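Chain letters run A, B, ... following the sequence lines, proteins first and then strands; every chain starts at 1. Reckoned from all heavy atoms, side chains included, excluding hydrogens, waters and symmetry mates.
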Amino acid sequence: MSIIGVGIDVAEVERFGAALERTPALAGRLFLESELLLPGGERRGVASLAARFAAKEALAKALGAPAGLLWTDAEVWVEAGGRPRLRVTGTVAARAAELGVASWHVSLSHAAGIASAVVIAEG
Amino acid sequence: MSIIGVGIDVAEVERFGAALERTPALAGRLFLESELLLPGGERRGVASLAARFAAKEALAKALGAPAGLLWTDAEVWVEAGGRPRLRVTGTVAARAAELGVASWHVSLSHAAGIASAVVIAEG
Amino acid sequence: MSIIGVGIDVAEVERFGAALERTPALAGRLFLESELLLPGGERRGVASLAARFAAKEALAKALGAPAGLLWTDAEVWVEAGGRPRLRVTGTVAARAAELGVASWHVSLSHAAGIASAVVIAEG
Ligand SMILES: CC(C)(COP(=O)(O)OP(=O)(O)OC[C@H]1O[C@@H](n2cnc3c(N)ncnc32)[C@H](O)[C@@H]1OP(=O)(O)O)[C@@H](O)C(=O)NCCC(=O)NCCS
Ligand SMILES: CC(C)(COP(=O)(O)OP(=O)(O)OC[C@H]1O[C@@H](n2cnc3c(N)ncnc32)[C@H](O)[C@@H]1OP(=O)(O)O)[C@@H](O)C(=O)NCCC(=O)NCCS
Ligand SMILES: CC(C)(COP(=O)(O)OP(=O)(O)OC[C@H]1O[C@@H](n2cnc3c(N)ncnc32)[C@H](O)[C@@H]1OP(=O)(O)O)[C@@H](O)C(=O)NCCC(=O)NCCS
Ligand SMILES: [Mg+2]
Ligand SMILES: [Mg+2]
Ligand SMILES: [Mg+2]
Ligand SMILES: [Mg+2]
Ligand SMILES: [Mg+2]
Ligand SMILES: [Mg+2]
Ligand code: NA
Ligand code: NA
Ligand code: NA
């Protein structure tokens, strides 16, 4: 295998929270039900959601961000140890197949009011 | 192939714009004519230029930033879909050959007053 | 080989400096003697240390951040040309072996009050 694409994205946490609050429908357009909850069942916070949004944008960049990708066709899930993972379906899986992507790698960070993500697509 | 180097760079957009304005000659030392324009023909903005500068610094880091690299020997170009790409020539191509680099991967982001880039060299 | 993990981390420089000053013992828990010095022998500054901390956090993320990793078992060292490198020992080396990691790639940046690092584990 080799690298097919890389993406980076930085989101301003305050700006992202304001966007979610402005339009009630927005959270459900960007996130699956599972992404909106913490492992315990509590509602996921704004910085953590902003990092997940950054991850989806970074994923889109790694694929050359064609038209037709659905936010909900990229899912950030979490291993027991706390590690974030990408699962792709539908439109995002189809674009990944066009490019030959077999494996996804992601990391998230949030500090100083910004949420950051890096995504590497390999295949 | 495998990874030969990775680079990251973050630039403060306001500081970068101030530098360009202070010294008229600076833009032409850092950027090719093509990089200074948008696809339509309009002049590229400061945040976008700062991200391109960050990309060139990240590229230099991926190569171990030896003396003798010219800014103008790294070019950020843009696919129809909007995706940024690196093309290397001259001094930067020669250093890349020393290390066996065959492929370049880049992504750019700008938010909250900062421009960010990640570059991976593979070969 | 292929990619085993990626990590990113962003640290607020001011917050990190305040933490070091608050607890004298903290620097020695996070850093080896060698990391606390510049090539010349002078004491390494706060932004540079914050970037090294970010690197160790990014490394931990690339390995899935299990319990039991020691800060001091990840070392940032510097090539003559100025390039940062990772050397892993003990607990961090053992976790890397569990995952099959043969090679480490790191880059650091600090601007606009934030220190950033990206780490890729390959094997
Ligand atoms: C293009 C997009 C990925 C950019 O991400 P963003 O977080 O909004 O903005 P960022 O500052 O982080 O990134 C912008 C950079 O990404 C890069 N980018 C743009 N198009 C890209 C593509 N086709 N592939 C890879 N990278 C792309 C560019 O380098 C751009 O900077 P530049 O124009 O100065 O060169 C994003 O806006 C998007 O998903 N496009 C559609 C917008 C939209 O309708 N929202 C999503 C729902 S469909
Ligand atoms: C070295 C250079 C790449 C750093 O990038 P920058 O955007 O200016 O500063 P950043 O904060 O983002 O990066 C600094 C970090 O990059 C790393 N860096 C320095 N030298 C490096 C090299 N040889 N290879 C890879 N990374 C290097 C270091 O880890 C450094 O942090 P540290 O000294 O605390 O360990 C950059 O200053 C440069 O191009 N060097 C020459 C300066 C110059 O004259 N300008 C360019 C025209 S020649
Ligand atoms: C988990 C840890 C790596 C996070 O790094 P940080 O710089 O403190 O915080 P960041 O904002 O940069 O990163 C947080 C993100 O990292 C990711 N992360 C958490 N656990 C992870 C793990 N097991 N593997 C990979 N990434 C992980 C998550 O995506 C998290 O965001 P989310 O919970 O919203 O999804 C770090 O706190 C740590 O080393 N854990 C132990 C804390 C500690 O005691 N200090 C270190 C001495 S043992
Ligand atoms: Mg963005
Ligand atoms: Mg953004
Ligand atoms: Mg820099
Ligand atoms: Mg910088
Ligand atoms: Mg962190
Ligand atoms: Mg952090
Ligand atoms: Na499916
Ligand atoms: Na040439
Ligand atoms: Na050892």
Side-chain angles (χ1 to χ4, degrees), chain A residues 1-19 46-47 49-51 53-69 91 95-96 98-123, chain B residues 1-16 39 47-48 50-59 61-63 74 76-86 96 99-123:
Chain A
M1 292 183 116
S2 57
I3 297 169
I4 285 155
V6 66
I8 190 157
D9 202 83
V10 177
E12 189 176 2
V13 174
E14 183 81 34
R15 189 167 184 262
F16 187 75
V46 169
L49 289 174
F53 168 74
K56 298 190 184 199
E57 292 279 35
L59 172 150
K61 292 177 184 178
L63 295 176
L69 298 191
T91 58
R95 174 56 174 178
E98 288 177 354
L99 302 179
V101 178
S103 290
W104 291 96
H105 309 277
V106 63
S107 184
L108 307 184
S109 187
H110 28 57
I114 62 164
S116 299
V118 63
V119 174
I120 306 174
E122 183 182 34
Chain B
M1 292 183 116
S2 57
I3 297 169
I4 285 155
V6 66
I8 190 157
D9 202 83
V10 177
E12 189 176 2
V13 174
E14 183 81 34
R15 189 167 184 262
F16 187 75
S48 189
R52 282 148 166 73
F53 168 74
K56 298 190 184 199
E57 292 279 35
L59 172 150
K61 292 177 184 178
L63 295 176
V76 181
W77 64 277
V78 184
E79 295 180 3
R83 172 176 214 159
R85 296 287 310 280
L86 289 168
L99 302 179
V101 178
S103 290
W104 291 96
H105 309 277
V106 63
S107 184
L108 307 184
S109 187
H110 28 57
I114 62 164
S116 299
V118 63
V119 174
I120 306 174
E122 183 182 34

Inter-chain contacts: residues 56-64 of chain A against chain B, heavy atoms under 4.5 Å: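 Hits under 4.5 Å: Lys61(A), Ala62(A), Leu63(A), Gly64(A).
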
Region of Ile8(B) that comes under 4.5 Å of a non-hydrogen atom in chain A: side chain

Segment of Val119(B) engaging chain A (4.5 angstrom heavy-atom cut-off): neither

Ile114(B) and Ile114(A), any side-chain heavy atoms less than 4.5 Å apart: yes

Region of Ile120(A) that comes under 4.5 Å of a non-hydrogen atom in chain B: side chain

Exercise: identify the closest heavy-atom pair between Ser107(B) and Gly7(A): OG-CA, 3.3 Å

Any donor-acceptor pair under 3.5 Å from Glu122(B) side chain to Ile3(A) backbone: yes

Residue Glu14(A) excluded, over 12 heavy atoms near CD under 6.0 Å: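 Atom CD in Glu14(A) is not packed in, count stays at 12 or less.
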
